[PDB]
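Below you'll find the structure, written out as structure tokens, and then a few comments.
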Amino acid sequence: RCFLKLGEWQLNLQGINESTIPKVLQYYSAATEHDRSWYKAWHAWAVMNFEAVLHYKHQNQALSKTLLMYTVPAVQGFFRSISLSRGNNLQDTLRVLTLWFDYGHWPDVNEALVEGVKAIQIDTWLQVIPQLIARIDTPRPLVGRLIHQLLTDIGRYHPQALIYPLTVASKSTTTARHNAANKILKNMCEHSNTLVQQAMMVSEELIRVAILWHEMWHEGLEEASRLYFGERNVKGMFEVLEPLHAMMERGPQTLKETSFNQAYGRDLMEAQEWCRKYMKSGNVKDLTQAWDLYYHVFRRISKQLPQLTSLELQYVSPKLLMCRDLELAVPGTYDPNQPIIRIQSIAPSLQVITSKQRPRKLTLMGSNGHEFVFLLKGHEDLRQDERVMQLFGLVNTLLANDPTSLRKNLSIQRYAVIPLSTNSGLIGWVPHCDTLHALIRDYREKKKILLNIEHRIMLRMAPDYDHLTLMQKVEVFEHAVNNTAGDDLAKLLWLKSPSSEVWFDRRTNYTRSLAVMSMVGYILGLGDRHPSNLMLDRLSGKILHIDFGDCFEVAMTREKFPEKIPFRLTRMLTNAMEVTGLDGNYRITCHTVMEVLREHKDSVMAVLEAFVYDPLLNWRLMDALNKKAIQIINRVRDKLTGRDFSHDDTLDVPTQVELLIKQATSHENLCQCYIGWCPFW
Amino acid sequence: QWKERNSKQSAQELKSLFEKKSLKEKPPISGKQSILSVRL
Amino acid sequence: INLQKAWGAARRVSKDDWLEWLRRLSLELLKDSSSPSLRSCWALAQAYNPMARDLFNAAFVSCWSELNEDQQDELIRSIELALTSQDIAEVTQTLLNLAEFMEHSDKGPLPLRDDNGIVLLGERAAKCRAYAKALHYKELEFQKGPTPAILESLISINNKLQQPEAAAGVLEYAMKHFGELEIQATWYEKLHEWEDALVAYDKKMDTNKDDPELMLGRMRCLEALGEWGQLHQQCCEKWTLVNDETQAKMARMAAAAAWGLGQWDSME
Amino acid sequence: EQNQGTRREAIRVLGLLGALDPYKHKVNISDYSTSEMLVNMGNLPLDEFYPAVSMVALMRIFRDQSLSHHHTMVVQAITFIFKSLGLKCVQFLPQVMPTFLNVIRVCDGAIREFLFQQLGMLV
Amino acid sequence: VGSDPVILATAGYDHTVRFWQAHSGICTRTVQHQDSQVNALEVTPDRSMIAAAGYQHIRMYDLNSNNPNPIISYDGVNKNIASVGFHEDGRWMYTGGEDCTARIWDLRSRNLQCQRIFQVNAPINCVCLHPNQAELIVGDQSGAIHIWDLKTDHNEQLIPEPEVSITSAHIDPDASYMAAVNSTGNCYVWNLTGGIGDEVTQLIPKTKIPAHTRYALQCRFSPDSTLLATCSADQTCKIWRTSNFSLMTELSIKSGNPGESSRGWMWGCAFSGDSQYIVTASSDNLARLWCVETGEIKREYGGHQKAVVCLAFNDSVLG
Ligand SMILES: Nc1ncnc2c1ncn2[C@@H]1O[C@H](COP(=O)(O)OP(=O)(O)OP(O)(O)=S)[C@@H](O)[C@H]1O
């Protein structure tokens, strides 16, 4: 204990330099030899070794001998400390994965890696299945072979935990990725063949219901027209709409596809013929007719999209309603410590939600007689929601291991996210929740209050509102919020309560679930929190956030309407949490969550580093290549160290929280938000 | 409209092209406020 | 109309008398209600009383919707007398539930003496140990005009509702919205902010020596803080030249201080 | 209990076990529609609010087997409600019919030949 | 028409530019300005035309003829134009834009090219020409004050208080002080250039005037350099003295009832040649004319149907 304290204190006193590293290392090694059964000592030693590797790499980027000397014992100590926890070792696993991916090709690190992989148990990898599959197509032989062996072992022992992402990665466009996934899958059919076939069928079958043929063609033409008429990129529209012609010449397989081929099939062939004639002999006179046909088909398709409000399985996918039994587990619900729930049946009718993306409402029927309702999403990449859900689970386990946070029941509400492709997926359905917009809307349509009264007052005091300067918009916003008593949420939440005890409990839960989510979204960088992305649980009062598409402060640095607020804290959300203000449960819960997140900055930092550094997921954050991601993680390292508002000082939790409060509830920041964000609510 | 790349190379010419450094009217005098009194 | 002999009898004395009055009231209210459902259920309610208790609000509102102005005013006076006359839990809970059911409707709450009696219903629910209703009524009273008494009652109510954070928020509001140092040291005592209460009592005594309950609060802060030395030192120099109605309250603190210091000769 | 010796022994055992903090106690450890109806949270108009609360009050008595003495008046009131309403008494079937059939199944004696009869009236 | 020694005009959100004269408060000509709001307008030193700047365009309106249309319009910027002004002889027009730029323009239809650009990392809020037509002060949304001299190509940067956006700045015509206000009411007063010889542009902070609890919208000196008027979001306009910088006079449009709830701010103000009668533009759909001594209003012009955020008042040199 004294050696560990001495090492930590020297680290806090003199930082990480070329003279204190060996001293702290010898202190930590002495502690490990003195205890040899202590998780803290091994963890501290491994973290010091990893930090030494990081420092010596960052120093020589502004030899491969010192790096090895510090990374071999890093892997050794990390594999040693993984076995000491056995209940929560996510940070250690992510760190060994980082070392594996960065220096696993060296002949010396590979020995420790192959020793550790067989040393530790097989369950400690079920938590890092995504981060593994994201590197399955690595161009190096040793790390690739070790990854393939590990995935084969996981599939042999736990086949249900690896089948969905494997069949997702198999249907890719990259040669190496898809052939490696196919190799692992065909190696998986040795001990379990019916499961792999059923999974392939189901995955390929409800990926067809997600986006029908006419929706695919509508999206493709809407993209290709923009591309060609804004960038003059014929070689872009060609590769955009060639896969559509390719999938259309393999024959329709359902009644919907046959009807589409009968209706629009003739024009889409002559259009391809004209495009081919043009690409043979370059002449825009041949592309104009192709675009005439394409635009006619597009205009005929776009008129029948609002009419789509329900889907029959006999018409759309005749193979999904003829299952009646399956060996697959219900998506999103599988844990190796519980009896698995199998997919028994699928309802023969889906309801399409009238929106801009039209998400279907799938509802399976498990083997235990319980209905599992899902949301089949198209035109969207669900690979970021999975990572943010993993982060939220980590934060939940962190808040559960805290005495003051456990007695107050602080936790984030999550839902299942099962991606099926790069532009399709399946989101779990949360019941009893209703949107914040769909609550004020009802309360106002019932109380005879018009919905846009504040926007109408703003447009009446000034017609060109969105063109005023900062001070004029501030004055208009203040006049609109002063001439309107905004307390619809408080009265709406009290009116729907049976008694006063239930109302009080619901209000307490609402406040202490809003505060934790505000702090977590600030640490993550959640944006676009308009009233349609926040839901209230009508039975417990808790708050649910959705649409995790704009993370890492992307919405703050965009070009049109950049938001200047860390989180959403408006007058309607504040008038419904207490009678005094946000200085009671809100501020105390913010302090608690922020100090818990700052005490455990290493775990969340490792998760966010594994998220951002993924080369196949960091395309939204760059709207060299590895220079932007750096200046993102650094930003996070400021948020968790109180160095985000100014680098010449270090703020504590009270000062940082009060500054965040003053920034989120400032009229000068709310006056600049887009009118659809509803800054007056 | 607006066009850039103007007078980006002549330093000695820009030293007196538009910066006349006109500083005068040091002596202030009193008045009777003709227009103000006429309006009132 | 035929219930004024059940409402306005002006003869209730004991708790059993109030119970029988409530029973007869619910029965005569369910008998004639102009609704076939309640009138048919009255025959069973005559034999089973909990059913007549469960159907009290519906019968009350059905009968109230048809009364005139003077009849409903006499009704309001009678229910006010029934509220402020007894102290038992059954009829108080019944009347509070009726008031909540009436304020949850579309016609608004039934008018009490002044502004739906949020001051009477609040103080009647505070002694009934229904603190959620008391907090709701205190918040309704705060929404009109905030005063230090309302903030102190909010602190007191949120303390017994196991909500110290709400009470701290109330103190913060009183501190950043009043600005005259009117926050009494008892407010810091209730929040268990013993250091702040101690410095407040020090700032209140150093200007002038005042009557008792200003040194007893300081002694309470010193005791709950854990300083036996200063507590015994301040108690010894004032144990003699003090009256009788203060030693009876300071004796337990003196004994605790002497025990913490080990002075069993003075502890005895 | 009222005997003071037993109360003293109970508080003695309580002190000997010893001051468990409330969180450890809470760790060691539908029915919502009746609360929505008794307070009229659905904001049903007063015209069609008395039938629903009368039905739930009668079902509270008709549900338990211990209080099987006034069941005849319960079914009489239920039949009277169903007859007086008219064609709008269908919304109360999913909550009334299951308990009715369960009572018919578990009851006994000369009330059964009565219940069936009343059941016919419902049909 | 503008054939008069004194002229004054207002502009606002009602898509009109009103001209009138302080004889009876009656409008003479109402010029049509549409599709945008007017941030600020300024008269040409030769008293031939006016120029109103708003949202990516500066529109000039003839004063001699009777024309309701923008004879000359300037385009090219992408955001609002906060303030505009011309050289004392009508040679170059300095326009501070909202986005990031403070630039100059050439008013001659020839390839003169005396136009330059000054770029800062913060949105501009105010520009103020030096009384010698050589320097120019820029005030942006980051509390920074960029004193940029047209002689050289380097500009000094001064921050009285960061994280607060300054709103206006002005220099008295006698070049005695230099004042500025920010979005919290503070009014710093640095001593301007005293080295008339070679433009040393030395700055020493004299004093700070703590007033205007609400936002401070604009501060302006007097042509006599004996007064300084500043308007705030608290519906007040305070005129201070230049000897001890005390509160000389205070004017307000508050009705004294809690039923209005800040019905209108005091956006702009201007002095007269005699430094005796000032004009104020409030958000009460009207403008007022006050005396610096008697306190009470002297006149009111109420022809507008929307707010009024900018006004121009020019008078003869005599006064
Ligand atoms: N996870 C969920 N659980 C329960 N309901 C959900 C869930 N997710 C979405 N919903 C509901 O489905 C509605 C529409 O789904 P969305 O996908 O949000 O529509 P959308 O507008 O196309 O989405 P974007 O990306 O914000 S445009 C949501 O607004 C909620 O009403």
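Chain E is numbered as in Swiss-Prot, which gives 8-326 for the residues shown.
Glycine too: its Cβ is placed from the backbone N, Cα and C atoms.
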Swiss-Prot annotation, SUMO3 cross-link - which of E:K86, E:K213: E:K86
E:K158, E:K245 - residue that Swiss-Prot labels as SUMO3 cross-link: E:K245
C-alpha spacing of E:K261 (SUMO3 cross-link) relative to E:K245 (SUMO3 cross-link), in angstrom: 14
Same-chain residues at least 6 apart in sequence whose Cβ lies under 8 Å from E:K86 (SUMO3 cross-link): E:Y62, E:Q63, E:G104, E:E105, E:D106, E:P130
Residue among the recorded sites E:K245, E:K261, E:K305, E:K313 whose Cβ has the most other Cβ atoms within 10 Å: E:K245
Recorded positions among E:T51, E:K86, E:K245, E:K261, E:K305, E:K313 whose Cβ lies under 8 Å from any chain C Cβ: none
Local backbone state of E:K305 (SUMO3 cross-link), from DSSP in three classes: strand
Length of the line joining the Cα atoms of E:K313 (ubiquitin cross-link) and E:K261 (SUMO3 cross-link), in Å: 19
Cβ packing number for E:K215 (SUMO3 cross-link), 10 Å threshold: 13
Tertiary neighbours of E:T51 (phosphothreonine) (same chain, Cβ under 8 Å, six or more apart): E:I57, E:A58, E:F93, E:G97
Recorded positions in contact range of chain A, given that the Cβ distance is under 8 Å, out of E:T51, E:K86, E:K215, E:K245, E:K305, E:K313: E:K313
Pairwise CA distance, E:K215 (SUMO3 cross-link) versus E:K261 (SUMO3 cross-link), rounded so that it is a whole Å: 26
Long-range environment of the repeat 'WD 7' (E:268-309) - Cβ separation under 8 angstroms, sequence gap at least 6: 15, 17, 19, 25, 27, 29, 32, 34, 224-225, 227-231, 233-234, 236-244, 246, 255-256, 258, 260, 262, 315-320, 322-326
Rounded inter-Cα distance in Å - E:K305 (SUMO3 cross-link), E:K261 (SUMO3 cross-link): 17
